[PDB]
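Only one chain is given next, in structure tokens, and it is the form deposited in one PDB entry.
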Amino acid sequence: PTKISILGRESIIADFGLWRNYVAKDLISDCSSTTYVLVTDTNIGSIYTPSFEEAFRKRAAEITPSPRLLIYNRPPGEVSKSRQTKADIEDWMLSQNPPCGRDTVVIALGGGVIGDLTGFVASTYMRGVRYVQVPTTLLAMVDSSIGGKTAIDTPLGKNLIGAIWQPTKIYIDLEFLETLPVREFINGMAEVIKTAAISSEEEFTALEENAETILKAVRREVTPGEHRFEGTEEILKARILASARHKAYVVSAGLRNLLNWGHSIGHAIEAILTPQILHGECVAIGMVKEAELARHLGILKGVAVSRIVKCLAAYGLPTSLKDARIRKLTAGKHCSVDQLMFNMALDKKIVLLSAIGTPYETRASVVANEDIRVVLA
């Protein structure tokens, strides 16, 4: 079982099959409690909750008095990352027999929506209770589940109310990616490529070379019982864990600014195109625009911009606002240069790359609005 440290503790545990034969046992022995609360959505729970209920019972059977496992299922979608849902979960926890107390260990089984929501619930339940992250999406495995950043959204913005609350454990089971929708897997690759581009030209090269194999496995038709990533586990785990390790490294150390490469323009685009277009899709276009911005300022070589554009496309991500899929889903929406500048103002410090794997500076750089408007043209 591969382990990765974060903030001094060895909380990240990664491998294929953890959910089926490692987590329940580990929670009972390492996160001892009388009460375990599992929060997930109906899409994810319908697939993974049954096996775990059994793994838990078997693991708890030995302990005495045996602990309980309580399950809360939220509707899928970001609509659930709200004040009302947080309050409903808390009320439900307080309605148990007996009510969930300070020893409760909350299990966040899901993507960034469930992870953000669940972590925030854990942070304030009776002023704070332990929780673990069990990321089921690619973006969650390498980004959202690491760092302790929790929150909910309000009608005025994303993640505006929340808290920094570190999970006791982060179980990364790559088998969850076997059922993750193709579009979501691709969406998550935006963060993986971003991380390689700002830290390792060698890792970026590995991604370029593994693109066809991985995407093939993702788009593959699986037989009722076989594993989707059959003979490419080592490759997948390597590429995914490289991004999670970087995120962990950054969180454990201005350097975190680099993690926002592609997000200055990316977030501006998303503010306009969401919810039709996903975060990673917006950031992919953002990485291309920000790479072109650096080239405009003569900081990044054109050859480098081409590699970024092709690597993003090789994983199925859009590289321009003129992308066919984007326009089809955004019928009626348009990202005017002014609308994009307006959004970037509410964020100008953009992360600039001098070479793949090499940032211009160990932080975001200042850019004149004049130059930004030219790359958005």
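Heads up: residue numbers just count along the shown sequence, starting at 1.
Peer 1: Between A253 and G254, count the deposited residues left without coordinates and pick a bin: none, 1 to 3, 4 to 9, 10 or more.
Peer 2: The entry has a gap there, with 4 to 9 residues left out between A253 and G254.
Peer 1: From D347 to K348, how many deposited residues does the entry skip: none, 1 to 3, 4 to 9, or 10 or more?
Peer 2: Gap between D347 and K348: 4 to 9 unmodelled residues.
Peer 1: On average, which has the higher Cα B-factor in the deposited entry, 295-303 or 235-243?
Peer 2: Averaged over C-alpha atoms, the B-factors run higher in 295-303.
Peer 1: State which stretch shows the higher mean Cα B factor in the entry: 23-31 or 44-52.
Peer 2: Stretch with the higher mean C-alpha B-factor: 23-31.
Peer 1: Quick one: which of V39, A324, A60, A313 has the biggest Cα B-factor according to the entry?
Peer 2: Top of the list by C-alpha B-factor: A324.
Peer 1: Can you work out whether the C-alpha temperature factor of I13 puts it in the lowest, middle or highest third of the chain?
Peer 2: It belongs to the lowest third of the chain when residues are ordered by C-alpha B-factor.
Peer 1: Is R127 in the lowest, middle or highest third of its chain when residues are ranked by C-alpha B-factor?
Peer 2: Lowest third of the chain for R127's C-alpha B-factor.
Peer 1: Sort the modelled residues of this chain by their C-alpha B factor and say whether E281 lands in the lowest, middle or highest third.
Peer 2: Middle third - that is where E281 ends up once the chain's C-alpha B-factors are sorted.
Peer 1: Thinking about Cα B factors across the chain, which third does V222 belong to?
Peer 2: CA B-factor rank for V222: highest third.
Peer 1: Comparing against every modelled residue in the chain, figure out the third that the C-alpha B-factor of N257 lands in (lowest, middle or highest).
Peer 2: As the PDB entry reports it, the C-alpha B-factor of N257 lands in the highest third of its chain.
Keep in mind that the form deposited in another entry is not shown, yet the notes after this line are about it.
Peer 1: Decide which of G147, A60, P318, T179 coincides with the hinge of the rigid-body turn seen between this form and the one not shown.
Peer 2: From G147, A60, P318, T179, the hinge pick is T179.
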